[PDB]
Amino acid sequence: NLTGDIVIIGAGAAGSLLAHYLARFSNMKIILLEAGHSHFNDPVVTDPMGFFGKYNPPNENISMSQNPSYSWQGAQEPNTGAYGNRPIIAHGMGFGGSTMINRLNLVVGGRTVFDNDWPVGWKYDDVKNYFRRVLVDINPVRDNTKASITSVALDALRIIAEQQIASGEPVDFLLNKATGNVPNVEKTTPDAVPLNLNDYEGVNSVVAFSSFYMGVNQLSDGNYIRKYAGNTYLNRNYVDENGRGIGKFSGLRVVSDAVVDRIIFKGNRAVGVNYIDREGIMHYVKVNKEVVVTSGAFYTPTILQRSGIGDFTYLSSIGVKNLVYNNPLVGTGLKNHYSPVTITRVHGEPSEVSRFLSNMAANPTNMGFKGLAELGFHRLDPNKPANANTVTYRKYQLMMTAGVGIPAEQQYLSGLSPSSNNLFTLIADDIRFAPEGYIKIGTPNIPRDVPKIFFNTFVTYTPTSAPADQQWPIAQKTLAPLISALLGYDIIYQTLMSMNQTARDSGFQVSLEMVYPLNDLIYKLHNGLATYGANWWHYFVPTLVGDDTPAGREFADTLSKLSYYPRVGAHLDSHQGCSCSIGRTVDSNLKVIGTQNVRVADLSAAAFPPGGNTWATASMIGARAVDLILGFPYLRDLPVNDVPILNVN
């Protein structure tokens, strides 16, 4: 049998990093078990554009996240907040996990969220060097192509930011505490300095910029390669084609196509791990010291559950025989981000529209993103943290892309065609998305793509018989996701209105019109915000409001109709996390509560979703686990100019 000191389950964002550095910094036997295999010669993976379907066979034109050979297919239970829909969300399956198949937008997530929403020992100053490590190992690039529309948008945000700052209003979506009197918006002059949303000390909590950072590297021939956790940490300089570590890393063993079932215990000590190879043959891996689970937010809790760690009453009820530790929180607290989509039409002469929409095409250095911002709370969002006026929280990630990013059914219903060259997309991604779900294995025998995944989003509030005044604080919480999504629309509406001015100022003879969701509805929403102020959202529940005026009914109707759009004019993000989080399933040392020697070190350990895309945070947790397991800050202390050497093969 295979025997290791530390046995790691899942070679994803966290597991790949963890394995690599444990081997480098210890004399221990490290075993990494991964369900998939390496894709170092697969252009679908190695070419960043493969993500967009560049190498898809025409008769099987599906993305990696839709393809069972490339991913786990996490089909969730009917979404009561979106007409019973059942989105299928992936974890990548191979060396690098989801970073093998993701869109490569590398975002740390900001200082504020770690300082406030994560526990002692996990504050931003505790993790910033691990984040720095994660970033320098990848060495992401900025967009190689400046688009005029990006400067027009920035200048529009500059204006709004100025409006908000001047008003003295304590919280609004472009305010940033750390940057004093000046709009924290990137300048659009010739030699403008880029603003860096990932700035080391976290100054740029709320910030507008021309470019995100993509996890790609340019090769000496000028081509780009996906630079992800798989090829960064498990390439042929470090692990040979048979999975055996090389030189200083010879303590490492990576087992490809090893589908782990469960962890075997003696009392509350893990002593072994079972997996099944591609021949359907079962193997036992002996564990000398620790097991670390890094199988992603959906699956890490399912491994723990099958292994006997979780809700005993439920596990017993479905026939899990060997029970180890009762913790009903295992798999609960599932979080994600969520991206409603808006579409804008640019009016004017064709040549002028064309010029205005030029230089937006996706390439590896930008993955389609032409800006724009990490934004704060809208002033009219009633659900801000208690101290939101004294520290700046991230609430939306604002993205601009070419094309028409709504689902095909919505393109049909709206009449907005992806082949119309006068349309483009803006997305205010809710990155403090209020819904919470949970994961439960349905059966005890084997890992399955489809455990029970409950994640309900834009649910309705059903009035009770209690006095209205007692109900409003309940409705406020229930409606939080709808409230935030509609405010996201208004943010975008505001931005476009200012772009109508800044486009002209920059010499473009064009006008911009928000056309998805319906212009008339957004117009009405904007007017309602001004009319009803803070309690505007009461009109989500008209039977409790008691405004039987034509105006009141119309505004209720406007919110009713608008509630449709975040439900289906949208995509659920693949940023699932927090299902085994610090303080609930594991302690601050990432040790699974009730066990001697099991840890969780992937995004499922995250205490609260980062303010932006989740790859960085997932690897960061793995990074910290290296130093937690070895008992000294080896990885934190590693100089930043010492980075893994990339071997393409």
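For every residue, the number given is its place in the sequence shown, counted from 1.
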Original post:
Is the mean CA B factor in the deposited entry higher across 597-605 or across 61-69?
Top reply: 597-605
Subject >> Of 206-214 and 151-159, the stretch whose C-alpha atoms average the higher B-factor in the entry >> reply: 151-159
Subject >> Largest Cα B-factor, entry values, listed residues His575, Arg103, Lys146, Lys477 >> reply: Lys146
Original post:
Per the entry, which of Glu77, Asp261, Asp277, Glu349 tops the list for Cα B factor?
Top reply: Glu349
Original post:
Should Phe555 be placed in the lowest, middle or highest third of its chain by the C-alpha B factor in the entry?
Top reply: highest
**OP:** Just say lowest, middle or highest third for the CA B-factor of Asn589 relative to the other modelled residues in its chain.
**Re:** middle
Original post:
Based on the entry's values, in what third of the chain does the Cα temperature factor of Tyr393 lie: lowest, middle or highest?
Top reply: middle
Original post:
If you rank the chain by CA B-factor, which third does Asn41 end up in: lowest, middle or highest?
Top reply: lowest
Original post:
With respect to C-alpha B-factor, does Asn231 fall in the lowest, middle or highest third of the chain as deposited?
Top reply: lowest
